[PDB]
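Read off the chains here:
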Amino acid sequence: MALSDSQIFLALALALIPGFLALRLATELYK
Amino acid sequence: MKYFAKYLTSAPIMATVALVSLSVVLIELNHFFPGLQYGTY
Amino acid sequence: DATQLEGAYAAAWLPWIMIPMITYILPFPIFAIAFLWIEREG
Amino acid sequence: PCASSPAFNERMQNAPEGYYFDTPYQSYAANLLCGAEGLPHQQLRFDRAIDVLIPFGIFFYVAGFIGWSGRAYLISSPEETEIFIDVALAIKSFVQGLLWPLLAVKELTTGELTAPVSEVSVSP
Amino acid sequence: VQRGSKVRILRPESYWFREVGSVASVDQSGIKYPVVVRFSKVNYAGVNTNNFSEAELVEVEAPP
Amino acid sequence: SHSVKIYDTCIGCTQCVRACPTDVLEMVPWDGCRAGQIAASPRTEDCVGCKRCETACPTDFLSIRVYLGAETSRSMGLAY
Amino acid sequence: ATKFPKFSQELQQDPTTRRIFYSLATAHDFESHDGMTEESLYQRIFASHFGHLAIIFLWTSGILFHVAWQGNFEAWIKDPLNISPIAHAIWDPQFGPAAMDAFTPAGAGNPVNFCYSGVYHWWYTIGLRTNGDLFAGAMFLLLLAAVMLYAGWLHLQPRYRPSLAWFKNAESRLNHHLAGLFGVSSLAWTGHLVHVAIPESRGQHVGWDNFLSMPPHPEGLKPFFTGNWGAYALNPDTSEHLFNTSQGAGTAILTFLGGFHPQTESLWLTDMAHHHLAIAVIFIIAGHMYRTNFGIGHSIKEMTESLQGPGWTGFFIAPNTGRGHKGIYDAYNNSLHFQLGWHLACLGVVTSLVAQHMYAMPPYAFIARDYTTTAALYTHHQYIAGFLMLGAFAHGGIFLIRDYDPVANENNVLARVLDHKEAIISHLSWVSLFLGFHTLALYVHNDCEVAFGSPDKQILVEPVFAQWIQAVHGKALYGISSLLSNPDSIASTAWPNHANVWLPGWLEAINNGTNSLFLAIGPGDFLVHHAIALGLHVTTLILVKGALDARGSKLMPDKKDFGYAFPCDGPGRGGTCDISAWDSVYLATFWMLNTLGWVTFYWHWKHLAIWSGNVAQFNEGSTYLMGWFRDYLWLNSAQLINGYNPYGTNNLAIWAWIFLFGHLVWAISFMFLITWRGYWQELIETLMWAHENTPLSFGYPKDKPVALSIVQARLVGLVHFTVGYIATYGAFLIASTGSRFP
Amino acid sequence: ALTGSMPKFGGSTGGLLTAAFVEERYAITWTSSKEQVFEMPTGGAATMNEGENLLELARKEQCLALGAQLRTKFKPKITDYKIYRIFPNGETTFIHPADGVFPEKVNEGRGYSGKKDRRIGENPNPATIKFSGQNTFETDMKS
Ligand code: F6C
Ligand code: CLA
Ligand code: CLA
Ligand code: CLA
Ligand code: CLA
Ligand SMILES: CCCCCCCCCCCCCCCC(=O)OC[C@H](COP(=O)(O)OC[C@@H](O)CO)OC(=O)CCCCCCCCCCCCCCC
């Protein structure tokens, strides 16, 4: 069996949570 | 020739004579068995 | 056989657009943003 | 042993003779220990105890000779004796350098081979 | 400490720390480092003498 | 700017002042050595950091130390 | 004044291009930052650690995602000996169709990369069987990285920032890390091994839908509660067990067979579950030693400060150490550089252990037969370990610069080793000189003998001590009936007990002359071990010398006032180039790279000669240096450099390109390493003249162009040397092995 | 405001650039007893006029290199040179000699500006000034 398109889009949408959490931690550590 | 002996006692002259005098073991490594392994002498 | 790039995997149209964005579309905006960040004055 | 080694004879009976393989392949094969590639391997066993002493122990004498001639020449000195090696004091430190083994144990017990901790420069 | 006395240096930053040097002249002008000590062994900069206080010297040979 | 510090092992030989290419150093009266002088570094905003003053110092250890600090256009030696 | 960097006012005043480069290489040095207190330092480091764990979890998630989407994991578990694992897919639009065809295998419809990280073998040994399993693991790790990111953001909030006394708690942390990071985690891994890994190894599917159904043992938690624990070691997997299938299967979940599974040539999963259980119990016990807030327990500080003097209540194995270990607890606990350089030494020893153990005792199924994966993994971890050992001494020097207190450490062990540092440095120098003269001269004598047509006159010294240590483990390869080689010895029999139930399985594996567990060693091994000894000794010489002379030497007594990294102290006093302690880590990076080159060259050639069957190539060819040059470097290059030729391209084309790329980067390093700053500053001055006087060139540098500084270019050239050195050898090792043994 | 004839010189690429007029320029004035050739610190050979000379340079080090050349390469020596710093608004500031003597001599009235009553090997060791801002020489005690 192989992954589906919806399984790849679930990954893409779910990685927006670490993606913006990382930006929040980067700006909280104050460059 | 007072300082000619002194120049022959200089560091380079002692160096070259010491290297050729210790390195003349050419005749020691040709006189008897030019191949001498650890357990053979 | 392989005359062009293919994907035998799910959502194989995603490399087609992701490689341009990550590698030659979004980088010069990111370089401009970082350059403006390091050259801004107090 | 090298005499009974089955692989050591394919370098015996097919090689240039000369005077580097004829008077050297013998004494070697009589008294060496070869493995499986027909090559003498320097072993360290009870039979090698009276074999490896002549490389190890006889080098220690000449090395200590050089180190003690370089010492006894250099304690009796002052920046011109290193440039222009004083042959008389060199012979004086060679004659004493011959029996340096005894002199070396006649310095450690007397405390004149090592310097004090407060008589040697250090760094911060 | 006066002229001729061999002294051992107690200054950690000195090139000749824990080394014996001969006193050349002591200055009686009330300056901070009056003693001039001269060494048979030169430092890295090419200088074989230096001014030390009396408090950073230890006499090892009274002058004869 | 660099920091040029002068310590009380100074003997007032003036050699640090003579070796300075940018005129950072000068001599001031001291009565702490028998020359009566000690170096000073007021124009240390001019210091490039070449440490010629430290090479010229005869005392062991040096009576003058340069500590390279924040770089300005003067301490980087830039004519542009 | 720019606003960047915000952590340094002195770099904002910098009018040149130096501030951009110095803001990148001083950004994580939080101690030397503007308005940094100790508490704010610890809190920032805590949040940085959380962001780092988030990056690690995102990396592992991405590996899992790309094997699940673009690899062949489900196709490879059917035949893990004749199918190459796939890392991910290629989407280079610049390929010609000849490279698209070359990077497409038989069973793939797109260009792919062959995986050499070994994650297929690891995931197959721990139960993962489908792409859905891999995707579930990837999504879990994505969410876990989000959790770590939120934790790091959370502990920067004012009500949630820990206090400094919390960070200084060295008794609670050790208890919770020993029992709960090493114990409970290993206990949970034993739980997975008996619930998922061993069942899926036998053919039964266990998932998050039927694991509460399926018991790990036929008598579910009956032998454990009753006390008869020997039931769990009954009916193990038979010798003719086929992995992932029930043919030859057993029922045991914790058994202690020893040796290897004869079909996967890897460690038994029952042995690994039993291992992690016996590790978890001991670590959960060990995390109960120090007192936190319950009265019972030790105090570490009272244990260290009690090693002062003589007597049986004092430090008796070295009574002449002055104040002993007084102030050593505070040197550890207060200094974060002491901790980091200590933990880096511990981690660099553990990473070398990982590398030295995972090739000799392969833990994953069919990874001993993936030759390129085995080589890449060993070389990877040995280079990581060399870097960690280099940074251990780097932060040992930075501690002695920044945090060392000579009065708190008055006349203790640390201040006692700083006192006699010249003895340590001169004796490391003597060992280095002895090893180097003898090893090089033995190699050169062997070269001159083989060149003059006398391979029989080589000096071939056998490693009799290591051959004997091979014999004391039960190797009958030599004529040494030592401890475990002697079958009725005190060590073999365990006379009162007879409970070494590991002995037959372990001697089935050590005597098996086809694995890597205790390889046969001969004269060519003795020389290269002495070369490795020379390399570790000289690297230790450089690092120890620069750490102990960090605070000052005779050439620069006040070196601690100038910092850790500084260029020089000028050309006075003869010249003081590379005098800082940072320059010792600089100079020892070359020696670390050279030593790990020798180590990995030895490992790779030893194994290439073993894997080819022609072990006599390394045996009678590694005793002289032209054999290393010709039978290793020249010979195993013919496939790599023919990756692209004027006739076509195979899949080794990228490895040939990266080989040349590493050569280029390594050569570029020598520009920064040999040419120094003033040349380039005068060149840049002429360029500034040219730009201000050219028409139509309306740009102008906002920050003045200057040459790279002295320490900066040392770092840049070292980074180039390292990157090219890693790229060249990584391209050669993957292509010399992946071509001979596809 | 500065008196002196510019030395006879054909121009060079080593002279003033943008930073001279946007950051700072320096000027050196000197009196020569005869018209004679000196070496420009910017490269080349110029001729100083008899009488008063004024030359603008980009760095203070260039003005001090020229001044060291004047007082050492010429017989009789030219020791009356004065160096000024010119700012982009036109403001000129007499900098060398800072006092009016010559730093190498000793004037009564200069004042201490770098003196630290210590002996180098007794700066406060860095473990104690960690999160303070001071670094080891910009302090006041002696340990
Ligand atoms: C913009 C600004 C500017 C301008 C204007 O505007 C300019 C100009 C010029 C002229 C005049 C000349 C001639 C031209 C040519 O031919 O060559 C080319 C080159 C280039 C680079 C080209 C350039 C062009 C521009 C850059 C364009 C732009 C582009 C885009 C915008 C990008 C994009 C962006 C994004 C965001 C990424 C030149 C040159 C030189 N450079 Mg030079 N630039 C500059 C920049 C820069 C930088 C950054 C650096 C560093 C890398 C440098 C460097 C250099 C060197 C080494 C040299 C030489 O060699 C040369 C000479 O001297 O002669 C004689 N330089 N310059
Ligand atoms: C020569 C020594 C060496 C070798 C054989 C490897 C081998 C490996 N590394 Mg690597 N690595 C090394 C040194 C080495 N490493 C060092 C010194 C560092 C510290 C910077 C790293 C940091 C590192 C990371 C972050 C990762 C690896 C990974 C891997 C694995 C997959 C890449 C591959 O298949 O082969 C190719 C090996 C090469 C060396 C190809 C050359 C590419 C050049 C070197 C790029 C330059 C970048 C830099 C210098 C190091 C990058 C190494 C890595 C990206 C390949 C592989 C087992 C990946 C992994 O863990 O898989 C799951 C991974 O993510 N390594
Ligand atoms: C860090 C792990 C990691 C790595 C090294 C890669 C690497 C790659 N990805 Mg991938 N990706 C990852 C995680 C990772 N991915 C995760 C977790 C997802 C699920 C959302 C994806 C989804 C994804 C898609 C849809 C595609 C790729 C593709 C690619 C390839 C081309 C680059 C690209 O388009 O980026 C695209 C990246 C994304 C769409 C999301 C990336 C999210 C990750 C987690 C960012 C990681 C940031 C990192 C931890 C911070 C490091 C800091 C810095 C110092 C480097 C490249 C081999 C392309 C490909 O397959 O080529 C044929 C493709 O189009 N990836
Ligand atoms: C049980 C409770 C507990 C647990 C699980 C942890 C866990 C952790 N703490 Mg914490 N801590 C605790 C209680 C706990 N702490 C308490 C009570 C205090 C107050 C005193 C602290 C104070 C504290 C501080 C100040 C810090 C931590 C940090 C950490 C992290 C560092 C280790 C690491 O990065 O991961 C990995 C380590 C392991 C998985 C175990 C390593 C064992 C070896 C080296 C590896 C295993 C070997 C094996 C062969 C692996 C093979 C796997 C391979 C096949 C894939 C870690 C997640 C650091 C942090 O902040 O991170 C965010 C840190 O700075 N803790
Ligand atoms: C747990 C691991 C760890 C941690 C947390 C630190 C942390 C620190 N180290 Mg460090 N160190 C380590 C391990 C570690 N080190 C190891 C393993 C080594 C040996 C290699 C070193 C050797 C070392 C030295 C010599 C120094 C430090 C310093 C520092 C401090 C500042 C670092 C910095 O400037 O920011 C950020 C720096 C960077 C972001 C530079 C990144 C560039 C690196 C060097 C190479 C990048 C790879 C390259 C781009 C790959 C591209 C290839 C391909 C694309 C072609 C900081 C506290 C400095 C210090 O404390 O000052 C007194 C210091 O001088 N370390
Ligand atoms: C990976 C997928 C493609 C990547 C494209 C995006 C890459 C990052 C772009 C940077 C834009 C951020 C600008 C901040 C603008 C901002 O808010 O400024 C905040 C801060 C300084 O702001 P000031 O305090 O000066 O703000 C004052 C003014 O805003 C008004 O008072 O700047 C930083 O923190 C720099 C550090 C960011 C470091 C970013 C690295 C972290 C990685 C983040 C991953 C992003 C994924 C997002 C998609 C899921």
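Here is what the cut-offs are and how they apply
- In this view, residue numbering begins from 1 on each chain in the order the sequence is written and may differ from the entry, while residues that lack coordinates are not shown.
- Labels are handed out in written order, letters beginning with A for the chains and numbers beginning with 1 for the ligands.
- Each value listed describes the chains present in this view, a part of a larger assembly.
- The side-chain values count all of the structure's non-hydrogen atoms but skip hydrogen atoms and water molecules.
- Residues with missing side-chain atoms are left out of burial classes, side-chain pairs and their counts.
- We call a residue near a molecule or strand as soon as one heavy atom of that residue lies within 4 Å of the molecule or strand.
- Polar contact is defined as a pair of N or O atoms within 3.5 Å, subject to the rule that within protein one atom must be able to donate a hydrogen and the other to accept it, and that residues adjacent in sequence are counted only when both atoms are side-chain atoms.
- Secondary structure follows DSSP: runs of H or I at least 4 residues long count as helices, runs of E at least 2 residues long count as strands, and numbering of each begins at the N terminus.
- As used in this record, nonpolar core signifies buried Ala, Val, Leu, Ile, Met, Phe, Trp, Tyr and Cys residues forming a set joined through side-chain atoms within 4.5 Å.
- Accessible area is worked out with a 1.4 Å probe on protein chains only. A residue is then buried under 20% of its type maximum, exposed over 50%, and partly exposed in between.
- Note on definitions: a residue-residue contact is assigned when non-hydrogen atoms from the two residues lie within 4.5 Å.
- Side-chain classes follow a simple rule in which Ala, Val, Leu, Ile, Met, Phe, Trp, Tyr, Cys and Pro form the nonpolar group, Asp, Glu, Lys and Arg form the charged group, and the remainder, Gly included, forms the polar group.
- Any two strands are treated as partners once DSSP identifies two or more bridges connecting them.

- Looking at the PDB entry, one finds chain D named PSI-F, with Synechococcus sp. PCC 7335 as its source organism.

### A few points about the site of ligand 4
All names here are of chain G.
Here's step 1: Taken together, 16 residues form the shell around ligand 4, and within it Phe-46, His-49, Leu-53, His-176 and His-177 come nearest.
Here's step 2: Note that an oxygen atom of ligand 4 is positioned 2.7 Å from one of the side-chain N or O atoms of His-49.
Here's step 3: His-177 is positioned with one of its side-chain polar atoms (N or O) 3.3 Å from a nitrogen atom of ligand 4.
Here's step 4: Within the residue set of the shell around ligand 4, elements represented by two or more residues are helix 3 (38–70), helix 8 (164–167) and helix 9 (172–202).

### As for the nonpolar core
All names here are of chain G.
Here's step 1: Formed by 60 residues in total, the largest nonpolar core has its most connected members in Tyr-564, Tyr-602, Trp-628 and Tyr-632.
Here's step 2: Residue assignment for this core shows that the elements contributing at least two residues are helix 15 (371–402), helix 17 (421–451), helix 21 (523–548), helix 22 (582–612), helix 24 (625–634), helix 25 (653–674) and helix 27 (710–740).
Here's step 3: Ranked by residues supplied to this core, first place goes to helix 22 with 15 residues.
Here's step 4: Contact partners of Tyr-602, with chain neighbours within four places excluded, come to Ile-521, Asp-525, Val-528, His-529, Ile-532, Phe-618 and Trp-628.
Here's step 5: Ranked by size, the runner-up nonpolar core spans 54 residues in total, among them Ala-68, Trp-123, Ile-126 and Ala-197.

### Considerations on the interface of chain F and chain H
One widely used convention gives an interface's size as the accessible area the parts lose upon coming together.
Here's step 1: Tallying the contact residues gives 38 residues for chain F and 33 residues for chain H.
Here's step 2: Among the elements of the structure, strand 1 (3–7), helix 1 (15–19), strand 2 (26–29), strand 3 (37–40) and strand 4 (64–67) of chain F are those that each provide at least two residues to the side of chain F that touches chain H.
Here's step 3: If you tally residues by element for the side of chain F that touches chain H, the top one is strand 1 of chain F, at 5 residues.
Here's step 4: Along the lines of polarity and charge, the residues of the side of chain F that touches chain H split into 20 nonpolar, 8 polar and 10 charged.
Here's step 5: Across 2 bridges, strand 1 of chain F lies against strand 7 (residues 115–116) of chain H in parallel orientation. Residue F:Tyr7 lies in a different strand from strand 7 of chain H, and its bridge partner there is H:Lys116.

### Brief notes about the environment of G:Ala231
Residues and elements named next belong to chain G.
Here's step 1: Here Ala-231 is to be found in the loop between helix 10 (222–226) and strand 3 (260–261).
Here's step 2: Considered as a pair, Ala-231 and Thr-251 are 20 residues apart in the sequence and their alpha carbons are 10.0 Å apart.
Here's step 3: Non-local contacts of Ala-231, meaning those with residues more than four positions away in its chain, are made with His-217, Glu-219 and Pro-223.

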